[PDB]
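Notes follow once the structure below has been shown.
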Amino acid sequence: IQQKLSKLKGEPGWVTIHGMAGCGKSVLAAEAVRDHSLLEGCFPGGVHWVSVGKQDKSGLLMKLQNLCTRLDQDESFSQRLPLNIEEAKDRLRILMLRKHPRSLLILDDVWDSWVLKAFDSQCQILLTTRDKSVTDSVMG
Amino acid sequence: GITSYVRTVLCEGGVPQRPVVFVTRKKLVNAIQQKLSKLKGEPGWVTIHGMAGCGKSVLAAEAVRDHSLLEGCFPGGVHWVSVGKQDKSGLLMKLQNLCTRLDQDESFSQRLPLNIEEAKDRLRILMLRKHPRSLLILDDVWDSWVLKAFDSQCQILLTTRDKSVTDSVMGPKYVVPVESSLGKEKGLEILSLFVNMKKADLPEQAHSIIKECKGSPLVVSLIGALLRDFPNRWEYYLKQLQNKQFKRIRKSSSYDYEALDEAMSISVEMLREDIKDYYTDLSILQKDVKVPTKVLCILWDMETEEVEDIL
Amino acid sequence: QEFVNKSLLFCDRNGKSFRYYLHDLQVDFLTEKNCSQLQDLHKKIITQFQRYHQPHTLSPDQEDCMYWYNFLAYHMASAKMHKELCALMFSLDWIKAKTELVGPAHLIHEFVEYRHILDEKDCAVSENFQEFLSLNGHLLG
Ligand SMILES: Nc1ncnc2c1ncn2[C@@H]1O[C@H](COP(=O)(O)OP(=O)(O)OP(=O)(O)O)[C@@H](O)[C@H]1O
Ligand SMILES: Nc1ncnc2c1ncn2[C@@H]1O[C@H](COP(=O)(O)OP(=O)(O)OP(=O)(O)O)[C@@H](O)[C@H]1O
């Protein structure tokens with residue numbers, strides 16, 4: 001797995017790990033990625049594991065409002081939240097561009113392609129899901 | 001000289017980038033670059049046309065690889081913003097979003113414009129003082145109601161269903177006719193990248209189906225993904241599609257829509273009952289013939305001048 | 001292919017062929033979830049098969065050629081249609097085909113295991129088949 005992760009070579013890609021809650025899906029990754037130098041040069045800005053789960057449209061919107069807050073832990077910007085998906089996309093982009101560039105956001109428990117629609121942008125994305133085949137619905 | 005700044009920024013994209021599997025449309029890249037320079041620092045409207053999933057952004061990605069071309073035109077950057085089909089309230093919500101986009105660091109009030117007139121003013125001030133000399137690209141323009149708020153004789157690049165959109169707006173018009181297609185070996189290069197086989201390693205059927213489809217990249221991409229999993233029998237999907245291809249039967253696709261009617265219906269339904277029927281009435285003609293106008297008078301029950309205008 | 005794409009089915013790609021399977025637990029789940037529909041499915045595919053190819057017609061040239069010899073008796077047994085199981089297995093044509101396509105050991109194993117499945121008279125007959133089958137296995141294969 002370590003040898004396959006290095007195949008990104010600093011280029012975009014989609015890494016997908018599959019399984020269900022309670023079947024050792026996170027357990028696999030925990031031992032597999034013990035090599036720091038592997039990803040040392042890939043994500044200097046850190047790795048964050050964020051639970052997503054099965055969400056509908058309004059759940060994706062509430063999750064996007066939560067993600068905006070997550071990027072401003074010290075409340076240095078307005079406490080107000082994005083009002084719609086297009087705005088949330090823009091706010092997250094600006095903060096990941098200027099404050100959190102070179103970092104990994106991990107999407108735990110992806111179930112619906114409606115969510116992935118907002119993330120399919122040919123970037124280095126690690127996510128967990130029911131089936132490794134999810135990588136086919138996205139580009140990279 | 002592409003500056004190092006662009007060399008790094010392209011990794012994120014201010015605009016969409018070229019495919020993983022492509023063929024440079026050499027016939028268009030140089031001419032489009034030469035036509036873009038015809039602005040000479042003066043206003044104009046550049047329009048690229050096509051539908052979602054048909055390589056509309058793919059064309060621009062290879063055509064504008066020349067940085068120095070636009071280096072002196074938009075020092076403040078190029079931003080590709082999705083617009084899509086919006087009604088009046090959608091234009092208002094989009095204008096409220098555009099205000100936010102120009103203040104990424106929240107240096108001004110978090111409050112949003114309340115109406116279109118105010119939004120026009122706020123955007124103008126920010127583009128005047130903070131973002132002058134920059135390009136805002138409007139992706140997927142469908143309604144002239146939106147264009148009403150942008151027709152101000154400025155350098156505007158946008159994508160739409162038809163390059164003719166440049167006629168509804170004022171300023172020097174530049175369009176791409178897209179007179180280029182890919183041939184056999186170019187389609188074989190597409191295949192090679194998809195399956196990692198040399199074109200010489202590809203079966204006879206792979207060359208035959210190219211002789212049948214004439215090497216179109218939209219067909220080559222689909223068929224490759226289909227025969228990736230399906231045993232390599234070009235005959236299966238070939239004879240199948242001759243029956244009523246997968247443009248008729250929606251399948252799984254990376255394309256946003258697998259039916260033509262999805263995007264097309266926007267322009268067809270935005271018409272009038274008589275000429276909506278006339279559009280659909282054109283299918284009685286045995287392709288693929290270039291017919292003079294007179295021939296449709298009987299069909300439409302229209303007078304020559306009436307037929308000509310509708311056409 | 002969609003089932004596989006949804007983690008509902010595993011696929012052993014035998015080169016150009018796709019031999020699909022489930023893991024042990026993956027089977028056990030539906031085994032419990034499904035009820036009497038299963039016997040209806042068993043009975044259904046028996047009739048449906050016969051509507052298309054006869055089980056004796058079933059030549060080794062098919063893909064499912066050995067399938068039906070490995071599982072049809074299982075279907076009837078599961079269906080608890082002992083009258084159909086009797087009609088199927090008490091047949092020298094059925095035996096002939098099954099032993100030329102699959103082999104006699106599985107067959108014998110079934111005549112033994114099905115002794116508790118069949119009716120009294122049927123068991124007595126099947127015992128004749130249990131001894132019958134000892135005759136062959138010489139020329140078979
Ligand atoms: N290699 C292993 N060795 C020992 N135990 C294992 C191994 N893999 C899995 N397990 C067992 O499976 C359990 C699964 O852990 P866990 O509950 O973290 O799984 P999960 O799939 O990651 O769920 P979540 O990600 O929500 O925690 C472990 O607590 C452990 O009991
Ligand atoms: N010159 C080319 N060579 C190879 N493939 C091509 C070419 N032009 C188009 N394609 C194919 O067509 C597809 C169209 O890409 P894409 O989905 O980006 O089109 P689009 O019209 O730009 O839609 P969107 O702009 O919303 O992405 C490509 O992914 C590729 O499969």
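Residues in the structure tokens are named by chain (A, B, ... in the order shown) and by number from 1 within that chain; ligands are numbered from 1 in the order shown.
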
- Starting from chain B, keep only residues with some atom at most 12 Å from an atom of chain C, counting only C-alpha atoms, and report them as a list in words. residues 226, 227, 228, 229, 230, 231, 232, 233 and 252 of chain B

Can you write out the residues you just picked, keeping N, CA, C and O atoms, as a compact mmCIF listing (two decimals), in the first residue's frame?
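Listing of again_17.txt after writing:
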```
# COMPACT_ATOMS: atom_id res chain seq x y z
N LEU B 226 -16.22 0.72 -22.27
CA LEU B 226 -17.14 -0.43 -22.44
C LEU B 226 -16.43 -1.76 -22.64
O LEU B 226 -16.82 -2.77 -22.06
N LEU B 227 -15.42 -1.76 -23.51
CA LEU B 227 -14.68 -2.98 -23.83
C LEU B 227 -13.55 -3.20 -22.81
O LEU B 227 -12.93 -4.26 -22.82
N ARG B 228 -13.29 -2.24 -21.92
CA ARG B 228 -12.43 -2.48 -20.78
C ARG B 228 -12.91 -3.68 -19.96
O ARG B 228 -12.16 -4.64 -19.71
N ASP B 229 -14.17 -3.61 -19.53
CA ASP B 229 -14.85 -4.70 -18.82
C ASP B 229 -15.43 -5.78 -19.69
O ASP B 229 -15.18 -6.96 -19.44
N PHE B 230 -16.21 -5.42 -20.74
CA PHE B 230 -16.85 -6.35 -21.66
C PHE B 230 -15.74 -7.02 -22.47
O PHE B 230 -14.73 -6.37 -22.77
N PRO B 231 -15.81 -8.31 -22.75
CA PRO B 231 -14.77 -8.99 -23.53
C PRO B 231 -14.57 -8.18 -24.78
O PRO B 231 -15.56 -7.62 -25.24
N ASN B 232 -13.34 -8.10 -25.35
CA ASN B 232 -13.11 -7.18 -26.44
C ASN B 232 -13.77 -7.66 -27.70
O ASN B 232 -13.19 -8.37 -28.52
N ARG B 233 -15.06 -7.30 -27.85
CA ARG B 233 -15.85 -7.60 -29.01
C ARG B 233 -16.47 -6.30 -29.42
O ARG B 233 -17.54 -5.94 -28.92
N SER B 252 -24.47 4.55 -18.03
CA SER B 252 -23.60 5.21 -17.10
C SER B 252 -22.60 5.94 -17.93
O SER B 252 -22.13 5.38 -18.93
```

- Query: Where does DSSP see alpha helix (DSSP H) in range 42-85 of chain C, if you list the residues as number ranges by chain?
  - Reply: C: 42-52, 67-79, 82-85

Can you write out the residues you just picked, keeping C-alpha atoms, as an mmCIF file, in the first residue's frame?
```
data_model
loop_
_atom_site.group_PDB
_atom_site.id
_atom_site.type_symbol
_atom_site.label_atom_id
_atom_site.label_comp_id
_atom_site.auth_asym_id
_atom_site.auth_seq_id
_atom_site.Cartn_x
_atom_site.Cartn_y
_atom_site.Cartn_z
ATOM 1 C CA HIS C 42 -36.231 -23.286 -6.707
ATOM 2 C CA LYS C 43 -39.455 -24.504 -8.227
ATOM 3 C CA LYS C 44 -39.619 -21.635 -10.679
ATOM 4 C CA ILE C 45 -36.282 -22.199 -12.350
ATOM 5 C CA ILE C 46 -37.045 -25.888 -12.707
ATOM 6 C CA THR C 47 -40.070 -25.195 -14.863
ATOM 7 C CA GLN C 48 -38.397 -22.289 -16.628
ATOM 8 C CA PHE C 49 -35.368 -24.389 -17.452
ATOM 9 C CA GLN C 50 -37.554 -27.106 -18.925
ATOM 10 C CA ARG C 51 -39.359 -24.446 -20.920
ATOM 11 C CA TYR C 52 -35.985 -23.819 -22.593
ATOM 12 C CA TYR C 67 -24.160 -25.950 -13.251
ATOM 13 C CA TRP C 68 -27.482 -27.741 -13.474
ATOM 14 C CA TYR C 69 -25.974 -31.081 -12.605
ATOM 15 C CA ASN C 70 -24.190 -29.659 -9.634
ATOM 16 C CA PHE C 71 -27.244 -27.742 -8.336
ATOM 17 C CA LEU C 72 -30.585 -28.878 -9.796
ATOM 18 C CA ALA C 73 -30.910 -31.669 -7.288
ATOM 19 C CA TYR C 74 -29.972 -29.151 -4.641
ATOM 20 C CA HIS C 75 -32.782 -26.902 -5.825
ATOM 21 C CA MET C 76 -35.380 -29.643 -5.693
ATOM 22 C CA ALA C 77 -34.135 -30.803 -2.313
ATOM 23 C CA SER C 78 -34.167 -27.300 -0.917
ATOM 24 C CA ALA C 79 -37.647 -26.855 -2.374
ATOM 25 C CA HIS C 82 -39.287 -34.903 -3.032
ATOM 26 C CA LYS C 83 -41.532 -35.990 -5.852
ATOM 27 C CA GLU C 84 -39.530 -33.927 -8.304
ATOM 28 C CA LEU C 85 -36.246 -34.969 -6.751
#
```

- Task: Could you report the residues within 9 Å of ligand 2, using only C-alpha atoms and all ligand atoms, as an NGL selection string?
- Result: :B and (16-25 or 49-60 or 62 or 139-140 or 181-182 or 186-187 or 189-190 or 216-222 or 254-256)

How would the residues just chosen look if you wrote them out with C-alpha atoms as a PDB file, in the first residue's frame?
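The resulting file, out_11.pdb, is reproduced below:
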```pdb
ATOM      1  CA  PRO B  16     -10.609  23.598 -16.360  1.00  0.00           C
ATOM      2  CA  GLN B  17      -7.732  21.681 -17.801  1.00  0.00           C
ATOM      3  CA  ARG B  18      -7.248  19.187 -20.540  1.00  0.00           C
ATOM      4  CA  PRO B  19      -8.021  15.597 -20.278  1.00  0.00           C
ATOM      5  CA  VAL B  20      -5.845  12.688 -19.195  1.00  0.00           C
ATOM      6  CA  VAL B  21      -6.389  11.199 -22.624  1.00  0.00           C
ATOM      7  CA  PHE B  22      -6.153  13.690 -25.530  1.00  0.00           C
ATOM      8  CA  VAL B  23      -5.088  14.683 -28.879  1.00  0.00           C
ATOM      9  CA  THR B  24      -4.139  18.258 -29.412  1.00  0.00           C
ATOM     10  CA  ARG B  25      -6.264  19.739 -31.978  1.00  0.00           C
ATOM     11  CA  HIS B  49     -19.881  26.617 -28.042  1.00  0.00           C
ATOM     12  CA  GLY B  50     -20.926  23.061 -27.168  1.00  0.00           C
ATOM     13  CA  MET B  51     -22.705  20.929 -24.633  1.00  0.00           C
ATOM     14  CA  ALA B  52     -21.718  19.329 -21.322  1.00  0.00           C
ATOM     15  CA  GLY B  53     -19.580  16.270 -22.042  1.00  0.00           C
ATOM     16  CA  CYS B  54     -18.712  17.068 -25.664  1.00  0.00           C
ATOM     17  CA  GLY B  55     -15.229  18.570 -25.174  1.00  0.00           C
ATOM     18  CA  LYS B  56     -16.119  22.295 -24.963  1.00  0.00           C
ATOM     19  CA  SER B  57     -13.587  22.972 -22.211  1.00  0.00           C
ATOM     20  CA  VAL B  58     -11.221  20.441 -23.781  1.00  0.00           C
ATOM     21  CA  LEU B  59     -10.871  22.641 -26.884  1.00  0.00           C
ATOM     22  CA  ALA B  60      -9.962  25.778 -24.901  1.00  0.00           C
ATOM     23  CA  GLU B  62      -5.162  23.037 -25.641  1.00  0.00           C
ATOM     24  CA  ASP B 139     -19.819  28.939 -18.206  1.00  0.00           C
ATOM     25  CA  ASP B 140     -23.018  27.654 -19.829  1.00  0.00           C
ATOM     26  CA  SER B 181     -11.659  16.504 -36.201  1.00  0.00           C
ATOM     27  CA  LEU B 182      -9.551  13.626 -35.285  1.00  0.00           C
ATOM     28  CA  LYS B 186      -5.223  10.282 -33.577  1.00  0.00           C
ATOM     29  CA  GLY B 187      -8.048   7.993 -32.414  1.00  0.00           C
ATOM     30  CA  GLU B 189      -3.389   7.467 -29.815  1.00  0.00           C
ATOM     31  CA  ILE B 190      -6.525   8.021 -27.722  1.00  0.00           C
ATOM     32  CA  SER B 216     -14.441  10.629 -33.247  1.00  0.00           C
ATOM     33  CA  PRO B 217     -12.978  11.135 -29.727  1.00  0.00           C
ATOM     34  CA  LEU B 218     -16.395  11.028 -27.959  1.00  0.00           C
ATOM     35  CA  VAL B 219     -17.075   7.543 -29.400  1.00  0.00           C
ATOM     36  CA  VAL B 220     -13.531   6.265 -28.820  1.00  0.00           C
ATOM     37  CA  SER B 221     -13.669   7.238 -25.124  1.00  0.00           C
ATOM     38  CA  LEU B 222     -16.980   5.416 -24.515  1.00  0.00           C
ATOM     39  CA  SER B 254     -18.840  10.591 -17.062  1.00  0.00           C
ATOM     40  CA  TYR B 255     -20.749  12.931 -19.309  1.00  0.00           C
ATOM     41  CA  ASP B 256     -23.128  15.068 -17.319  1.00  0.00           C
TER      42      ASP B 256
END
```

- Item | Residues within 8 Å of residue 88 in chain A, only C-alpha atoms, excluding chain neighbours under 4 positions, as a PyMOL selection string | chain A and resi 64-65+68+82-84+92

Could you take the residues named above and write them with C-alpha atoms, as a PDB file, in the first residue's frame?
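Okay, result26.pdb is ready:
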```pdb
ATOM      1  CA  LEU A  64     -20.623  22.292   4.065  1.00  0.00           C
ATOM      2  CA  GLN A  65     -21.567  24.900   6.710  1.00  0.00           C
ATOM      3  CA  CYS A  68     -16.407  26.226   6.694  1.00  0.00           C
ATOM      4  CA  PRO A  82     -22.394  29.918   3.778  1.00  0.00           C
ATOM      5  CA  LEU A  83     -26.036  30.081   2.634  1.00  0.00           C
ATOM      6  CA  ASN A  84     -25.915  27.636  -0.261  1.00  0.00           C
ATOM      7  CA  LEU A  92     -13.771  26.372   1.228  1.00  0.00           C
TER       8      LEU A  92
END
```

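Residues of protein, DNA or RNA having any atom at most 10 Å from ligand 1, counting only C-alpha atoms and all ligand atoms, are residues 18, 19, 20, 21, 22, 23, 24, 25, 26, 27, 28, 29, 30, 31, 51, 108, 109 and 128 of chain A.
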
Please produce a file of the residues just selected, as a short mmCIF file (atom, residue, chain, number, x, y, z; two decimals), in the first residue's frame, where the atoms kept are N, CA and C atoms.
```
data_model
loop_
_atom_site.label_atom_id
_atom_site.label_comp_id
_atom_site.auth_asym_id
_atom_site.auth_seq_id
_atom_site.Cartn_x
_atom_site.Cartn_y
_atom_site.Cartn_z
N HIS A 18 -12.18 0.54 1.18
CA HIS A 18 -13.58 0.12 1.30
C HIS A 18 -13.82 -0.83 2.48
N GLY A 19 -15.07 -0.81 2.96
CA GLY A 19 -15.53 -1.65 4.06
C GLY A 19 -16.66 -1.00 4.82
N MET A 20 -17.17 -1.73 5.79
CA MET A 20 -18.26 -1.25 6.61
C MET A 20 -17.83 -0.98 8.06
N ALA A 21 -18.64 -0.17 8.74
CA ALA A 21 -18.43 0.17 10.14
C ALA A 21 -18.30 -1.09 11.00
N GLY A 22 -17.20 -1.17 11.74
CA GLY A 22 -16.89 -2.35 12.53
C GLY A 22 -16.18 -3.52 11.87
N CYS A 23 -15.70 -3.36 10.65
CA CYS A 23 -15.05 -4.47 9.96
C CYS A 23 -13.57 -4.26 9.69
N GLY A 24 -12.96 -3.27 10.35
CA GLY A 24 -11.54 -2.99 10.29
C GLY A 24 -11.09 -2.12 9.13
N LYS A 25 -11.99 -1.28 8.60
CA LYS A 25 -11.64 -0.37 7.50
C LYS A 25 -10.58 0.69 7.88
N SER A 26 -10.73 1.27 9.05
CA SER A 26 -9.74 2.20 9.54
C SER A 26 -8.53 1.44 10.08
N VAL A 27 -8.76 0.23 10.56
CA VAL A 27 -7.66 -0.58 11.09
C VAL A 27 -6.60 -0.85 10.02
N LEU A 28 -7.04 -1.21 8.82
CA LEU A 28 -6.14 -1.40 7.69
C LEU A 28 -5.24 -0.19 7.44
N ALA A 29 -5.83 0.98 7.28
CA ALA A 29 -5.07 2.20 6.99
C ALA A 29 -4.08 2.55 8.09
N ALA A 30 -4.48 2.34 9.33
CA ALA A 30 -3.65 2.66 10.50
C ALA A 30 -2.27 1.97 10.43
N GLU A 31 -2.21 0.68 10.11
CA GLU A 31 -0.93 -0.03 9.98
C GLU A 31 -0.24 0.19 8.65
N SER A 51 -15.82 12.75 9.36
CA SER A 51 -16.94 11.83 9.15
C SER A 51 -17.97 12.52 8.25
N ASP A 108 -14.99 10.28 5.30
CA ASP A 108 -15.31 8.97 5.85
C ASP A 108 -16.74 8.60 5.56
N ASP A 109 -16.93 7.37 5.07
CA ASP A 109 -18.24 6.81 4.74
C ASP A 109 -19.04 7.57 3.66
N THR A 128 -13.15 6.91 2.23
CA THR A 128 -13.57 5.56 2.57
C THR A 128 -15.02 5.40 2.16
#
```

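Set the cut-off at 10 Å, count only C-alpha atoms, and the residues of chain A near chain B turn out to be residues 11, 12, 77, 78, 79, 80, 81, 82, 83, 84, 86, 87, 88, 90, 91, 92, 93, 94, 95, 97, 98, 121, 122, 123, 136, 137, 138, 139 and 140 of chain A.
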
Write the residues of the preceding selection, restricted to N, CA and C atoms, as an mmCIF file, in the first residue's frame.
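Below is the file out-v8.cif, written as the result:
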```
data_model
loop_
_atom_site.group_PDB
_atom_site.id
_atom_site.type_symbol
_atom_site.label_atom_id
_atom_site.label_comp_id
_atom_site.auth_asym_id
_atom_site.auth_seq_id
_atom_site.Cartn_x
_atom_site.Cartn_y
_atom_site.Cartn_z
ATOM 1 N N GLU A 11 1.257 14.038 -8.036
ATOM 2 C CA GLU A 11 0.203 14.335 -9.006
ATOM 3 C C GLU A 11 -1.134 13.972 -8.377
ATOM 4 N N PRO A 12 -2.244 14.564 -8.874
ATOM 5 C CA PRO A 12 -3.566 14.237 -8.383
ATOM 6 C C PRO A 12 -3.928 12.742 -8.472
ATOM 7 N N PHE A 77 -12.182 34.849 11.001
ATOM 8 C CA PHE A 77 -13.090 35.373 9.979
ATOM 9 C C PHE A 77 -14.505 35.390 10.580
ATOM 10 N N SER A 78 -15.481 35.955 9.869
ATOM 11 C CA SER A 78 -16.877 36.030 10.365
ATOM 12 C C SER A 78 -17.447 34.687 10.832
ATOM 13 N N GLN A 79 -18.244 34.723 11.903
ATOM 14 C CA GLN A 79 -18.888 33.520 12.441
ATOM 15 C C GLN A 79 -20.082 33.086 11.591
ATOM 16 N N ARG A 80 -20.420 33.885 10.588
ATOM 17 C CA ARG A 80 -21.526 33.559 9.699
ATOM 18 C C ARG A 80 -21.167 32.414 8.749
ATOM 19 N N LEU A 81 -22.177 31.684 8.307
ATOM 20 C CA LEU A 81 -21.981 30.478 7.514
ATOM 21 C C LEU A 81 -22.474 30.627 6.082
ATOM 22 N N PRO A 82 -21.979 29.767 5.166
ATOM 23 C CA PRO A 82 -22.394 29.918 3.778
ATOM 24 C C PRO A 82 -23.889 29.626 3.707
ATOM 25 N N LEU A 83 -24.578 30.215 2.729
ATOM 26 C CA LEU A 83 -26.036 30.081 2.634
ATOM 27 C C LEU A 83 -26.488 29.028 1.656
ATOM 28 N N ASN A 84 -25.597 28.614 0.775
ATOM 29 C CA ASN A 84 -25.915 27.636 -0.261
ATOM 30 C C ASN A 84 -24.640 26.904 -0.698
ATOM 31 N N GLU A 86 -23.029 26.674 -3.678
ATOM 32 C CA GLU A 86 -22.125 27.428 -4.542
ATOM 33 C C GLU A 86 -21.216 28.328 -3.704
ATOM 34 N N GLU A 87 -21.805 29.028 -2.739
ATOM 35 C CA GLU A 87 -21.038 29.856 -1.798
ATOM 36 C C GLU A 87 -20.071 29.069 -0.922
ATOM 37 N N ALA A 88 -20.541 27.932 -0.399
ATOM 38 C CA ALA A 88 -19.701 27.061 0.410
ATOM 39 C C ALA A 88 -18.484 26.556 -0.377
ATOM 40 N N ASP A 90 -16.985 28.080 -2.855
ATOM 41 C CA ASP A 90 -16.098 29.225 -2.901
ATOM 42 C C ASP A 90 -15.345 29.532 -1.575
ATOM 43 N N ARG A 91 -16.055 29.490 -0.451
ATOM 44 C CA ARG A 91 -15.407 29.778 0.811
ATOM 45 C C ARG A 91 -14.344 28.716 1.154
ATOM 46 N N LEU A 92 -14.662 27.462 0.902
ATOM 47 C CA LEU A 92 -13.771 26.372 1.228
ATOM 48 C C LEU A 92 -12.541 26.445 0.348
ATOM 49 N N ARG A 93 -12.747 26.782 -0.918
ATOM 50 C CA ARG A 93 -11.670 26.912 -1.878
ATOM 51 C C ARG A 93 -10.677 27.981 -1.435
ATOM 52 N N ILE A 94 -11.190 29.148 -1.060
ATOM 53 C CA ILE A 94 -10.344 30.275 -0.628
ATOM 54 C C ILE A 94 -9.520 29.893 0.615
ATOM 55 N N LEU A 95 -10.164 29.268 1.598
ATOM 56 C CA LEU A 95 -9.461 28.889 2.821
ATOM 57 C C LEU A 95 -8.447 27.757 2.554
ATOM 58 N N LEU A 97 -7.004 27.275 -0.277
ATOM 59 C CA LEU A 97 -6.037 27.875 -1.172
ATOM 60 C C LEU A 97 -4.993 28.678 -0.388
ATOM 61 N N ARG A 98 -5.461 29.502 0.544
ATOM 62 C CA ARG A 98 -4.590 30.447 1.229
ATOM 63 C C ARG A 98 -4.158 30.044 2.619
ATOM 64 N N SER A 121 -13.008 17.066 -8.730
ATOM 65 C CA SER A 121 -12.258 18.162 -9.339
ATOM 66 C C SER A 121 -10.802 17.802 -9.638
ATOM 67 N N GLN A 122 -10.547 16.500 -9.813
ATOM 68 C CA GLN A 122 -9.222 15.965 -10.173
ATOM 69 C C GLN A 122 -8.127 16.414 -9.180
ATOM 70 N N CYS A 123 -8.397 16.225 -7.880
ATOM 71 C CA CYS A 123 -7.467 16.515 -6.774
ATOM 72 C C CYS A 123 -7.111 15.251 -6.024
ATOM 73 N N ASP A 136 -14.163 5.101 -10.013
ATOM 74 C CA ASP A 136 -14.612 5.199 -11.425
ATOM 75 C C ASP A 136 -15.558 6.361 -11.721
ATOM 76 N N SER A 137 -16.273 6.843 -10.713
ATOM 77 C CA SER A 137 -17.252 7.927 -10.937
ATOM 78 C C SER A 137 -16.603 9.312 -10.898
ATOM 79 N N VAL A 138 -15.319 9.339 -10.577
ATOM 80 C CA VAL A 138 -14.585 10.570 -10.419
ATOM 81 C C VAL A 138 -13.370 10.527 -11.366
ATOM 82 N N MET A 139 -12.817 11.700 -11.650
ATOM 83 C CA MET A 139 -11.709 11.824 -12.587
ATOM 84 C C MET A 139 -10.397 12.037 -11.897
ATOM 85 N N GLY A 140 -9.372 11.368 -12.408
ATOM 86 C CA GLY A 140 -8.020 11.435 -11.863
ATOM 87 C C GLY A 140 -7.527 10.013 -11.696
#
```

- Item | chain C contacts on chain A, only C-alpha atoms, 7 Å, as a ChimeraX atom specification | /A:130-131,133

- Task: Provide the CA of residue 179 in chain B to CA of residue 32 in chain B distance in Å, to one decimal place.
- Result: 11.0 Å

- Message: If DSSP is run on the backbone, what residues of chain A are strand (DSSP E or B)? A reply as a count of residues only would be ideal.
- Response: 22

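Atom pair CA of residue 70 in chain B / CA of residue 29 in chain B has a distance of 14.1 Å (rounded to one decimal).
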
- Compile the contact shell of residue 143 in chain B as a PyMOL selection string: residues with an atom at most 8 Å away, counting only C-alpha atoms, same-chain residues fewer than 2 positions apart removed. chain B and resi 85-86+141+145-147

- Query: Got a sec: who's within 9 Å of range 104-116 of chain C, counting only C-alpha atoms, leaving out chain neighbours fewer than 3 positions off, as number ranges by chain?
  - Reply: C: 70, 73-74, 77, 89, 95, 98-100, 119-120, 122-124, 126-127, 129-130, 133-134, 136-137, 140

Mind dumping the selected residues with N, CA and C atoms as a tab-separated table (two decimals), in the first residue's frame?
```
chain	number	residue	atom	x	y	z
C	70	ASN	N	-24.76	-29.83	-10.94
C	70	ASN	CA	-24.19	-29.66	-9.63
C	70	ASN	C	-25.21	-29.17	-8.63
C	73	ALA	N	-30.44	-30.80	-8.32
C	73	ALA	CA	-30.91	-31.67	-7.29
C	73	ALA	C	-30.96	-30.91	-6.00
C	74	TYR	N	-30.00	-29.99	-5.80
C	74	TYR	CA	-29.97	-29.15	-4.64
C	74	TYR	C	-31.20	-28.29	-4.61
C	77	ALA	N	-34.24	-30.40	-3.68
C	77	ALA	CA	-34.14	-30.80	-2.31
C	77	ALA	C	-34.47	-29.65	-1.41
C	89	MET	N	-33.53	-37.67	-10.10
C	89	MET	CA	-32.41	-38.55	-9.83
C	89	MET	C	-32.67	-40.01	-10.08
C	95	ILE	N	-28.27	-39.86	-14.62
C	95	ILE	CA	-27.02	-40.29	-14.08
C	95	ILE	C	-25.99	-40.24	-15.17
C	98	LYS	N	-24.74	-36.69	-15.86
C	98	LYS	CA	-24.09	-36.11	-14.72
C	98	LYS	C	-22.73	-36.72	-14.52
C	99	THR	N	-22.59	-38.02	-14.82
C	99	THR	CA	-21.34	-38.71	-14.65
C	99	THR	C	-20.43	-38.50	-15.82
C	100	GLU	N	-20.97	-38.04	-16.96
C	100	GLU	CA	-20.08	-37.81	-18.06
C	100	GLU	C	-19.66	-36.37	-18.04
C	119	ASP	N	-38.83	-40.03	0.51
C	119	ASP	CA	-39.93	-40.73	1.09
C	119	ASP	C	-39.45	-42.14	1.33
C	120	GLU	N	-40.24	-42.95	2.06
C	120	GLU	CA	-39.83	-44.27	2.45
C	120	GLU	C	-39.53	-45.13	1.26
C	122	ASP	N	-39.00	-44.24	-1.69
C	122	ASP	CA	-38.01	-43.57	-2.50
C	122	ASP	C	-36.64	-43.87	-1.97
C	123	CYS	N	-36.52	-43.96	-0.63
C	123	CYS	CA	-35.27	-44.23	0.00
C	123	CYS	C	-34.86	-45.63	-0.34
C	124	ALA	N	-35.83	-46.57	-0.34
C	124	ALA	CA	-35.55	-47.93	-0.68
C	124	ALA	C	-35.04	-48.01	-2.09
C	126	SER	N	-33.55	-45.50	-3.64
C	126	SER	CA	-32.33	-44.77	-3.75
C	126	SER	C	-31.22	-45.64	-3.25
C	127	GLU	N	-31.53	-46.57	-2.34
C	127	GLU	CA	-30.55	-47.50	-1.85
C	127	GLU	C	-30.14	-48.44	-2.94
C	129	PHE	N	-29.94	-47.47	-5.92
C	129	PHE	CA	-29.06	-46.64	-6.69
C	129	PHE	C	-27.72	-46.51	-6.02
C	130	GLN	N	-27.69	-46.54	-4.68
C	130	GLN	CA	-26.45	-46.46	-3.96
C	130	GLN	C	-25.59	-47.65	-4.29
C	133	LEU	N	-24.48	-47.63	-8.27
C	133	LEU	CA	-23.39	-46.76	-8.64
C	133	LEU	C	-22.04	-47.37	-8.33
C	134	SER	N	-22.01	-48.52	-7.64
C	134	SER	CA	-20.74	-49.10	-7.29
C	134	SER	C	-20.22	-49.86	-8.47
C	136	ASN	N	-20.04	-48.72	-11.51
C	136	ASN	CA	-19.38	-47.86	-12.45
C	136	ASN	C	-18.31	-47.20	-11.65
C	137	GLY	N	-17.54	-46.31	-12.28
C	137	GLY	CA	-16.50	-45.64	-11.55
C	137	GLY	C	-15.31	-46.43	-11.93
C	140	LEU	N	-15.88	-44.86	-15.83
C	140	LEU	CA	-16.05	-43.44	-15.79
C	140	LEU	C	-14.76	-42.70	-15.63
```
